[PDB]
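K.L.:
Sharing structure-v6.txt (compact mmCIF, C-alpha atoms) below.
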# COMPACT_ATOMS: atom_id res chain seq x y z
CA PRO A 2 -4.82 -52.45 40.84
CA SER A 3 -1.41 -50.86 41.39
CA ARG A 4 0.38 -51.22 44.73
CA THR A 5 -0.59 -47.77 46.04
CA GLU A 6 -4.19 -48.23 44.83
CA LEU A 7 -4.32 -51.57 46.67
CA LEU A 8 -2.94 -49.92 49.83
CA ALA A 9 -5.21 -46.85 49.45
CA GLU A 10 -8.21 -48.97 50.50
CA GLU A 11 -6.29 -49.81 53.70
CA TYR A 12 -4.13 -46.79 54.60
CA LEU A 13 -4.97 -43.61 56.53
CA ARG A 14 -5.56 -40.54 54.34
CA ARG A 15 -3.90 -37.26 55.35
CA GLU A 16 -6.28 -34.29 55.38
CA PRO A 20 -3.29 -31.45 59.61
CA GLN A 21 -5.43 -34.48 60.50
CA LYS A 22 -5.57 -38.21 59.69
CA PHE A 23 -8.65 -40.25 58.74
CA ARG A 24 -9.61 -43.83 57.85
CA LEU A 39 0.50 -41.52 66.79
CA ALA A 40 3.87 -39.75 66.99
CA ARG A 41 5.26 -42.33 64.53
CA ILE A 42 3.56 -40.53 61.61
CA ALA A 43 5.09 -37.18 62.63
CA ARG A 44 8.60 -38.71 62.72
CA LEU A 45 8.33 -39.62 59.02
CA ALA A 46 8.42 -35.90 58.14
CA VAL A 47 6.26 -36.27 55.01
CA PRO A 48 6.51 -32.92 53.16
CA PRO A 49 3.24 -31.02 53.84
CA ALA A 50 2.91 -29.81 50.22
CA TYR A 51 2.50 -33.42 48.99
CA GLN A 52 -0.88 -34.45 47.55
CA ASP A 53 -3.13 -37.48 48.22
CA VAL A 54 -0.91 -38.65 51.07
CA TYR A 55 -1.63 -42.07 52.54
CA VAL A 56 0.08 -43.13 55.77
CA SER A 57 0.18 -46.56 57.41
CA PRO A 58 -2.13 -47.37 60.36
CA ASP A 59 0.12 -50.38 61.08
CA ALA A 60 3.58 -49.69 62.53
CA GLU A 61 5.04 -52.86 60.97
CA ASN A 62 4.46 -51.97 57.29
CA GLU A 63 7.67 -51.49 55.26
CA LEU A 64 6.00 -48.71 53.29
CA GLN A 65 4.97 -46.24 56.01
CA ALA A 66 3.84 -43.34 53.82
CA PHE A 67 3.28 -42.52 50.17
CA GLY A 68 2.05 -39.43 48.31
CA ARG A 69 2.44 -37.30 45.19
CA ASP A 70 5.02 -34.52 44.93
CA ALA A 71 4.70 -31.21 43.02
CA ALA A 72 5.47 -32.94 39.71
CA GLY A 73 2.84 -35.67 40.24
CA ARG A 74 5.46 -38.29 41.13
CA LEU A 75 5.08 -40.96 43.82
CA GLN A 76 7.23 -40.46 46.91
CA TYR A 77 7.81 -42.90 49.75
CA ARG A 78 8.76 -42.98 53.39
CA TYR A 79 9.88 -46.34 54.71
CA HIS A 80 10.01 -48.02 58.11
CA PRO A 81 13.15 -46.74 59.93
CA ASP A 82 14.46 -50.36 59.99
CA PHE A 83 15.18 -49.98 56.26
CA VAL A 84 16.94 -46.61 56.55
CA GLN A 85 18.92 -47.34 59.74
CA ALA A 86 22.44 -48.72 59.25
CA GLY A 87 22.32 -52.49 59.81
CA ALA A 88 18.94 -52.48 61.54
CA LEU A 89 17.87 -55.83 60.11
CA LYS A 90 19.47 -59.27 60.12
CA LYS A 91 19.28 -61.05 56.77
CA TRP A 92 16.59 -63.41 58.07
CA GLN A 93 14.53 -60.37 59.20
CA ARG A 94 14.80 -58.70 55.80
CA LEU A 95 13.84 -61.97 54.07
CA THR A 96 10.71 -62.56 56.20
CA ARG A 97 9.58 -59.02 55.44
CA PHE A 98 10.34 -59.59 51.74
CA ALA A 99 8.11 -62.70 51.77
CA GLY A 100 5.39 -60.44 53.22
CA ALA A 101 5.75 -58.21 50.13
CA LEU A 102 5.47 -60.99 47.50
CA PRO A 103 1.64 -61.30 47.44
CA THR A 104 1.32 -57.53 46.75
CA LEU A 105 4.00 -57.77 44.05
CA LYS A 106 1.93 -60.51 42.35
CA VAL A 107 -1.16 -58.24 42.32
CA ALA A 108 0.79 -55.24 40.95
CA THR A 109 2.54 -57.09 38.11
CA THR A 110 -0.68 -58.85 37.01
CA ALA A 111 -2.40 -55.46 36.74
CA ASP A 112 0.36 -54.32 34.36
CA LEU A 113 0.47 -57.62 32.45
CA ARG A 114 -3.24 -57.39 31.53
CA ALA A 115 -2.45 -54.34 29.38
CA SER A 116 -2.75 -54.72 25.60
CA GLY A 117 0.32 -55.00 23.35
CA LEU A 118 3.75 -54.15 24.75
CA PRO A 119 3.56 -50.90 26.76
CA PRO A 120 6.54 -50.05 29.06
CA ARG A 121 4.89 -51.20 32.33
CA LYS A 122 3.82 -54.55 30.82
CA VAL A 123 7.38 -55.27 29.63
CA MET A 124 8.76 -54.24 33.03
CA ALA A 125 6.18 -56.45 34.78
CA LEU A 126 7.34 -59.35 32.58
CA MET A 127 10.96 -58.57 33.48
CA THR A 128 10.08 -58.35 37.19
CA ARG A 129 8.39 -61.75 37.02
CA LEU A 130 11.59 -63.14 35.47
CA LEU A 131 13.75 -61.58 38.21
CA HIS A 132 11.49 -63.33 40.70
CA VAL A 133 11.07 -66.79 39.12
CA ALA A 134 14.56 -67.11 37.57
CA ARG A 135 16.75 -64.99 39.91
CA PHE A 136 18.43 -62.99 37.13
CA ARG A 137 20.67 -60.05 37.79
CA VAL A 138 19.37 -56.79 36.29
CA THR A 149 28.43 -60.30 29.25
CA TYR A 150 24.74 -59.81 30.03
CA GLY A 151 22.04 -59.37 32.66
CA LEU A 152 18.25 -59.36 32.24
CA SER A 153 18.05 -55.76 30.95
CA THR A 154 20.82 -56.37 28.38
CA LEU A 155 19.55 -59.65 26.94
CA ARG A 156 19.51 -60.02 23.18
CA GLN A 157 17.02 -62.00 21.13
CA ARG A 158 19.61 -64.77 20.63
CA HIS A 159 19.57 -65.41 24.40
CA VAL A 160 16.05 -66.83 24.47
CA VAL A 161 14.48 -69.85 22.75
CA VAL A 162 10.73 -70.45 22.95
CA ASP A 163 9.40 -74.00 22.46
CA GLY A 164 5.66 -74.21 23.09
CA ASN A 165 5.13 -72.94 26.62
CA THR A 166 8.81 -73.30 27.61
CA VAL A 167 11.11 -70.28 27.58
CA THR A 168 14.81 -71.08 27.86
CA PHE A 169 17.40 -68.39 28.57
CA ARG A 170 21.09 -68.99 27.85
CA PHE A 171 23.65 -66.21 28.19
CA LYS A 172 27.02 -65.29 29.63
CA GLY A 173 26.48 -63.13 32.70
CA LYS A 174 28.72 -61.18 35.06
CA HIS A 175 32.39 -62.17 34.73
CA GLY A 176 31.36 -64.40 31.80
CA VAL A 177 29.57 -66.83 34.14
CA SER A 178 26.96 -69.24 32.68
CA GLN A 179 23.30 -68.49 33.12
CA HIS A 180 20.86 -71.14 31.93
CA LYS A 181 17.26 -70.81 33.08
CA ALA A 182 14.09 -72.39 31.78
CA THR A 183 10.52 -71.64 32.81
CA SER A 184 7.18 -72.95 31.62
CA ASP A 185 4.37 -70.40 31.54
CA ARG A 186 1.80 -69.87 28.77
CA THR A 187 1.54 -66.10 29.23
CA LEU A 188 5.31 -65.75 29.60
CA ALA A 189 5.94 -67.71 26.39
CA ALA A 190 3.19 -65.77 24.56
CA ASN A 191 4.74 -62.47 25.65
CA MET A 192 8.25 -63.64 24.80
CA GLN A 193 6.97 -64.56 21.33
CA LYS A 194 5.49 -61.05 21.02
CA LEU A 195 8.92 -59.60 21.87
CA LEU A 196 10.68 -61.89 19.40
CA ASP A 197 8.35 -60.54 16.68
CA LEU A 198 10.09 -57.17 16.99
CA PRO A 199 13.36 -56.34 15.17
CA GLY A 200 16.47 -57.25 17.16
CA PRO A 201 19.04 -57.41 18.50
CA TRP A 202 17.55 -56.36 21.87
CA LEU A 203 15.04 -58.55 23.65
CA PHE A 204 13.21 -56.30 26.09
CA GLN A 205 11.58 -53.58 24.04
CA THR A 206 8.40 -51.56 24.29
CA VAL A 207 6.43 -50.63 21.15
CA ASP A 208 3.26 -48.75 20.18
CA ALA A 209 0.41 -50.33 18.16
CA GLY A 210 1.54 -48.89 14.80
CA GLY A 211 5.09 -50.21 15.22
CA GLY A 212 6.79 -46.89 14.46
CA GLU A 213 7.77 -46.11 18.06
CA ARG A 214 10.02 -48.72 19.65
CA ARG A 215 12.71 -48.51 22.32
CA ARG A 216 14.58 -50.67 24.85
CA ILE A 217 13.71 -50.93 28.51
CA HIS A 218 16.90 -50.10 30.40
CA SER A 219 18.03 -50.99 33.93
CA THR A 220 17.31 -47.51 35.32
CA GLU A 221 13.70 -47.73 34.12
CA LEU A 222 13.30 -51.25 35.51
CA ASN A 223 14.83 -50.30 38.85
CA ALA A 224 12.38 -47.38 39.07
CA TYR A 225 9.51 -49.83 38.45
CA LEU A 226 10.86 -52.06 41.24
CA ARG A 227 10.97 -49.06 43.57
CA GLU A 228 7.22 -48.70 42.99
CA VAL A 229 6.24 -52.37 43.26
CA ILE A 230 8.68 -53.72 45.90
CA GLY A 231 10.40 -50.67 47.49
CA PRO A 232 12.15 -50.58 49.97
CA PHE A 233 13.21 -53.98 48.65
CA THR A 234 15.38 -54.08 45.52
CA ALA A 235 16.27 -56.45 42.66
CA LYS A 236 18.94 -58.04 44.90
CA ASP A 237 16.24 -59.32 47.24
CA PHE A 238 14.95 -61.64 44.49
CA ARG A 239 18.34 -63.36 44.49
CA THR A 240 18.88 -63.60 48.25
CA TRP A 241 15.29 -64.83 48.73
CA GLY A 242 15.45 -67.03 45.63
CA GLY A 243 18.90 -68.41 46.53
CA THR A 244 17.74 -69.15 50.08
CA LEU A 245 14.58 -70.87 48.81
CA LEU A 246 16.53 -72.93 46.25
CA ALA A 247 18.97 -73.93 49.01
CA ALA A 248 16.15 -74.88 51.38
CA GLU A 249 14.45 -76.98 48.66
CA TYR A 250 17.77 -78.65 47.78
CA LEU A 251 18.32 -79.67 51.43
CA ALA A 252 14.73 -80.92 51.83
CA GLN A 253 15.14 -83.03 48.66
CA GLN A 254 18.47 -84.54 49.76
CA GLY A 255 17.14 -85.20 53.25
CA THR A 256 18.96 -84.87 56.56
CA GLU A 257 22.21 -86.68 57.47
CA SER A 258 23.06 -88.49 60.72
CA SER A 259 26.81 -87.67 60.53
CA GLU A 260 27.89 -84.04 61.16
CA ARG A 261 30.73 -84.53 58.69
CA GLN A 262 28.24 -85.77 56.08
CA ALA A 263 25.63 -83.08 56.79
CA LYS A 264 28.32 -80.39 56.35
CA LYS A 265 29.43 -82.00 53.09
CA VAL A 266 25.81 -81.73 51.88
CA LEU A 267 25.91 -78.01 52.80
CA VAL A 268 29.04 -77.56 50.64
CA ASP A 269 27.25 -79.36 47.77
CA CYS A 270 24.17 -77.16 48.28
CA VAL A 271 26.29 -73.98 48.08
CA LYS A 272 27.85 -75.23 44.83
CA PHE A 273 24.39 -75.92 43.37
CA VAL A 274 23.00 -72.52 44.32
CA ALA A 275 26.20 -70.69 43.30
CA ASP A 276 25.94 -72.30 39.84
CA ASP A 277 22.32 -71.23 39.53
CA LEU A 278 22.99 -67.64 40.68
CA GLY A 279 26.17 -67.09 38.68
CA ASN A 280 28.17 -66.48 41.86
CA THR A 281 31.20 -68.02 43.48
CA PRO A 282 30.51 -70.49 46.33
CA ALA A 283 32.12 -68.05 48.83
CA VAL A 284 29.83 -65.13 47.93
CA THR A 285 26.81 -67.47 47.79
CA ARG A 286 27.35 -68.82 51.31
CA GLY A 287 28.47 -65.39 52.54
CA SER A 288 25.57 -63.31 51.26
CA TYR A 289 22.91 -65.19 49.36
CA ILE A 290 21.84 -68.29 51.29
CA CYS A 291 20.46 -67.13 54.66
CA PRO A 292 22.53 -69.26 57.04
CA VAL A 293 19.48 -69.90 59.27
CA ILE A 294 18.49 -72.61 56.74
CA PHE A 295 21.88 -74.27 57.24
CA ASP A 296 21.64 -74.03 61.05
CA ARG A 297 18.31 -75.86 60.83
CA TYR A 298 19.62 -78.53 58.46
CA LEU A 299 22.56 -79.33 60.74
CA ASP A 300 19.98 -79.71 63.52
CA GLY A 301 17.96 -82.13 61.37
CA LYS A 302 15.23 -79.74 60.24
CA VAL A 303 14.04 -78.90 56.72
CA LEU A 304 11.35 -76.81 54.95
CA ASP A 305 8.74 -79.54 55.56
CA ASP A 306 9.04 -79.17 59.30
CA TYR A 307 7.87 -75.57 59.06
CA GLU A 308 4.52 -76.02 57.33
CA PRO A 309 1.56 -74.27 58.96
CA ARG A 310 -0.28 -76.27 61.63
CA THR A 311 -3.44 -74.13 61.87
CA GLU A 312 -5.78 -72.13 59.63
CA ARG A 313 -4.50 -68.93 61.26
CA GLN A 314 -0.92 -69.88 60.34
CA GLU A 315 -1.98 -70.72 56.76
CA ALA A 316 -3.88 -67.40 56.52
CA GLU A 317 -0.69 -65.52 57.46
CA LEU A 318 0.85 -67.06 54.30
CA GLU A 319 -1.87 -66.02 51.84
CA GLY A 320 -0.48 -65.41 48.34
CA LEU A 321 2.61 -67.53 48.94
CA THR A 322 3.30 -71.01 47.56
CA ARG A 323 3.74 -74.00 49.90
CA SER A 324 7.55 -73.76 49.64
CA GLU A 325 7.57 -69.96 50.02
CA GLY A 326 5.34 -70.14 53.10
CA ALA A 327 7.41 -72.89 54.69
CA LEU A 328 10.55 -70.83 54.13
CA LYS A 329 8.91 -67.79 55.72
CA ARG A 330 7.97 -69.83 58.78
CA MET A 331 11.45 -71.35 58.98
CA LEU A 332 12.99 -67.86 58.99
CA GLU A 333 10.36 -66.70 61.51
CA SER A 334 11.53 -69.45 63.90
CA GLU A 335 14.61 -67.24 64.48
CA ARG A 336 12.37 -64.70 66.29
CA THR A 337 12.17 -64.48 70.07
Let me see the file written as structure tokens.
P.N.:
Amino acid sequence: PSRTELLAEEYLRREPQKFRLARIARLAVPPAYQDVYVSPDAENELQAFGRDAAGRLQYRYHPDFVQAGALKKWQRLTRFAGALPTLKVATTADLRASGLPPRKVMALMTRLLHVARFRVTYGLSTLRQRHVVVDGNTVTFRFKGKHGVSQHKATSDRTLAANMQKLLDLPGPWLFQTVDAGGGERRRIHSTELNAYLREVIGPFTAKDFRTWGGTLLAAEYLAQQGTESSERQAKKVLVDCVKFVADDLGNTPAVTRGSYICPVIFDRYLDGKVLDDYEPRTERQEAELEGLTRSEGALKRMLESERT
């Protein structure tokens, strides 16, 4: 199902009465909106959704996402991790579609933003057919990104490779195209269209969250692999190395990477001798809270959660 369809089996339906307190009224959801679902849980990032007068989805978010500087980076990232399982459901629904309809191509792109940390010189939405090489199940991207910075990313996925091969069957130069069955109607997917799709599937989170989350996860994995250091001087040197590694991956400078991409909580922990491993669930309940996340993703979520009071 789609995100809203998945949440429709959970959310309260607006009838002016609600059916399966003052928080809902504060959202000020326009009364003329149709099939309005509102959250029974106060914590949900998506607090309300409904259809406007043109049959378009409209959203009201938790005030924490609209208030100026309401969330620390670690808070935003833990909430983002909570949104990943739902994202996986939504993109799969679109990927099961036949051929190359717009939503399927955008789902493919979204998956690439997630797994490879691309930005939306080139970014994901401006890739050309020359920028991708498919060898069996391996898809390798090589392009010059923002400020001419290197981006080299390889992923192995049968359905990704198969879909990439379908795209490469179309006339170039552009990579991400949607086409009808006959072949006569073909156009590019542009950044505006993709960003709109992201609003649906991950809103209030944005494409940037894939890179802050992904950068933080890559950093945490890097540190876990290197292992802790006894010397403070040495441990801090490892942090500098880690920033360089992640910066190279993300196509950023080290300064911007440490400043904005790697959540510094992971560095605080490392300097105190703690890594991803140390944050694995210790009960069934804890593992259940991490449903839909990978081992590494779940461990990162718990590490970030350790910042809570």
K.L.:
Can I get the residues of region 242-304 of chain A within 12 Å of region 173-194 of chain A, each with the closest pair of atoms and their distance in Å to one decimal, using all atoms listed in the file, sorted chain first then ascending number, as a Markdown table?
P.N.:
| residue | atom | partner | partner_atom | distance |
| --- | --- | --- | --- | --- |
| A:274 | CA | A:179 | CA | 11.9 |
| A:275 | CA | A:177 | CA | 10.5 |
| A:276 | CA | A:178 | CA | 7.9 |
| A:277 | CA | A:179 | CA | 7.0 |
| A:278 | CA | A:179 | CA | 7.6 |
| A:279 | CA | A:177 | CA | 5.7 |
| A:280 | CA | A:177 | CA | 7.9 |
| A:281 | CA | A:177 | CA | 9.6 |
K.L.:
Kindly export the residues of the current selection with C-alpha atoms, as a tab-separated table (two decimals), keeping the file's coordinate frame.
P.N.:
chain	number	residue	atom	x	y	z
A	274	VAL	CA	23.00	-72.52	44.32
A	275	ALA	CA	26.20	-70.69	43.30
A	276	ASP	CA	25.94	-72.30	39.84
A	277	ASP	CA	22.32	-71.23	39.53
A	278	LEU	CA	22.99	-67.64	40.68
A	279	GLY	CA	26.17	-67.09	38.68
A	280	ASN	CA	28.17	-66.48	41.86
A	281	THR	CA	31.20	-68.02	43.48
K.L.:
Between CA of residue 225 (chain A) and CA of residue 72 (chain A), what is the distance in Å, rounded to a tenth?
P.N.:
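Taking CA of residue 225 (chain A) and CA of residue 72 (chain A), their separation equals 17.4 Å.
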K.L.:
Go through region 24-61 of chain A and flag each residue having an atom no more than 12 Å from region 82-106 of chain A; for those, report the closest pair of atoms plus their distance in Å to one decimal, using only C-alpha atoms, ordered by chain and rising number, as JSON lines.
P.N.:
{"residue": "A:45", "atom": "CA", "partner": "A:84", "partner_atom": "CA", "distance": 11.4}
{"residue": "A:60", "atom": "CA", "partner": "A:82", "partner_atom": "CA", "distance": 11.2}
{"residue": "A:61", "atom": "CA", "partner": "A:97", "partner_atom": "CA", "distance": 9.4}
K.L.:
Quick one: pull the distance between CA of residue 217 (chain A) and CA of residue 120 (chain A), Å, one decimal.
P.N.:
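So the answer is 7.2 Å.
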K.L.:
Which residues come within 12 Å of residue 158 (chain A), counting all atoms listed in the file, excluding same-chain residues fewer than 5 positions away, as a PyMOL selection string?
P.N.:
chain A and resi 150+168-172+195-196+199-204
K.L.:
Would you put the residues from that selection into a file with C-alpha atoms, as a compact mmCIF listing (two decimals), keeping the file's coordinate frame?
P.N.:
# COMPACT_ATOMS: atom_id res chain seq x y z
CA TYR A 150 24.74 -59.81 30.03
CA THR A 168 14.81 -71.08 27.86
CA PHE A 169 17.40 -68.39 28.57
CA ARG A 170 21.09 -68.99 27.85
CA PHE A 171 23.65 -66.21 28.19
CA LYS A 172 27.02 -65.29 29.63
CA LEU A 195 8.92 -59.60 21.87
CA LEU A 196 10.68 -61.89 19.40
CA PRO A 199 13.36 -56.34 15.17
CA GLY A 200 16.47 -57.25 17.16
CA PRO A 201 19.04 -57.41 18.50
CA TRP A 202 17.55 -56.36 21.87
CA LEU A 203 15.04 -58.55 23.65
CA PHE A 204 13.21 -56.30 26.09
K.L.:
Which distance in Å separates CA of residue 42 (chain A) and CA of residue 223 (chain A), to one decimal?
P.N.:
27.2 Å
K.L.:
I'd like to know which of A:160, A:111, A:266, A:118 is closest to residue 299 (chain A), using all atoms listed in the file.
P.N.:
A:266
K.L.:
Please provide as an mmCIF file with C-alpha atoms, in the frame of the given file all residues within 12 Å of region 68-70 of chain A, with the sequence filter that same-chain residues fewer than 5 positions apart are discarded (counting all atoms listed in the file).
P.N.:
data_model
loop_
_atom_site.group_PDB
_atom_site.id
_atom_site.type_symbol
_atom_site.label_atom_id
_atom_site.label_comp_id
_atom_site.auth_asym_id
_atom_site.auth_seq_id
_atom_site.Cartn_x
_atom_site.Cartn_y
_atom_site.Cartn_z
ATOM 1 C CA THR A 5 -0.590 -47.770 46.040
ATOM 2 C CA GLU A 6 -4.190 -48.230 44.830
ATOM 3 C CA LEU A 8 -2.940 -49.920 49.830
ATOM 4 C CA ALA A 9 -5.210 -46.850 49.450
ATOM 5 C CA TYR A 12 -4.130 -46.790 54.600
ATOM 6 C CA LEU A 13 -4.970 -43.610 56.530
ATOM 7 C CA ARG A 14 -5.560 -40.540 54.340
ATOM 8 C CA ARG A 15 -3.900 -37.260 55.350
ATOM 9 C CA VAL A 47 6.260 -36.270 55.010
ATOM 10 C CA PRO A 48 6.510 -32.920 53.160
ATOM 11 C CA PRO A 49 3.240 -31.020 53.840
ATOM 12 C CA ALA A 50 2.910 -29.810 50.220
ATOM 13 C CA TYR A 51 2.500 -33.420 48.990
ATOM 14 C CA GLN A 52 -0.880 -34.450 47.550
ATOM 15 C CA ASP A 53 -3.130 -37.480 48.220
ATOM 16 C CA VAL A 54 -0.910 -38.650 51.070
ATOM 17 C CA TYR A 55 -1.630 -42.070 52.540
ATOM 18 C CA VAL A 56 0.080 -43.130 55.770
ATOM 19 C CA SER A 57 0.180 -46.560 57.410
ATOM 20 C CA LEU A 75 5.080 -40.960 43.820
ATOM 21 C CA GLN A 76 7.230 -40.460 46.910
ATOM 22 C CA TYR A 77 7.810 -42.900 49.750
ATOM 23 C CA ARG A 78 8.760 -42.980 53.390
ATOM 24 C CA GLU A 228 7.220 -48.700 42.990
#
K.L.:
Taking into account only C-alpha atoms, which residue in the set A:65, A:109, A:258, A:285 is nearest to residue 132 (chain A)?
P.N.:
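That would be A:109, the residue with the smallest distance to residue 132 (chain A).
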K.L.:
Distance cut-off 12 Å, centre (0.7, -59.1, 39.8) in file coordinates, counting only C-alpha atoms: which residues qualify? Return them as a PyMOL selection string.
P.N.:
chain A and resi 2-4+7+101-115+121-122+124-126+128-129+132+229-230+320
K.L.:
Residues near residue 293 (chain A), anyone? I mean within 8 Å using only C-alpha atoms, not counting same-chain ones fewer than 2 positions away, as a PyMOL selection string.
P.N.:
chain A and resi 92+291+295-297+332+335
K.L.:
Taking 3 positions as the minimum chain separation for residues in the same chain, which residues sit within 6 Å of region 240-248 of chain A when counting all atoms listed in the file? Answer as a PyMOL selection string.
P.N.:
chain A and resi 237+251+289-291
K.L.:
Near residue 263 (chain A), counting only C-alpha atoms, which residues have an atom at most 8 Å away, once you skip same-chain residues fewer than 6 positions from it, shown as an mmCIF file with C-alpha atoms, in the frame of the given file?
P.N.:
data_model
loop_
_atom_site.group_PDB
_atom_site.id
_atom_site.type_symbol
_atom_site.label_atom_id
_atom_site.label_comp_id
_atom_site.auth_asym_id
_atom_site.auth_seq_id
_atom_site.Cartn_x
_atom_site.Cartn_y
_atom_site.Cartn_z
ATOM 1 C CA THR A 256 18.960 -84.870 56.560
ATOM 2 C CA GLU A 257 22.210 -86.680 57.470
ATOM 3 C CA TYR A 298 19.620 -78.530 58.460
ATOM 4 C CA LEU A 299 22.560 -79.330 60.740
#
K.L.:
Using only C-alpha atoms, which of A:80, A:239, A:218, A:310 sits nearest residue 135 (chain A)?
P.N.:
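Among the listed residues, A:239 lies closest to residue 135 (chain A).
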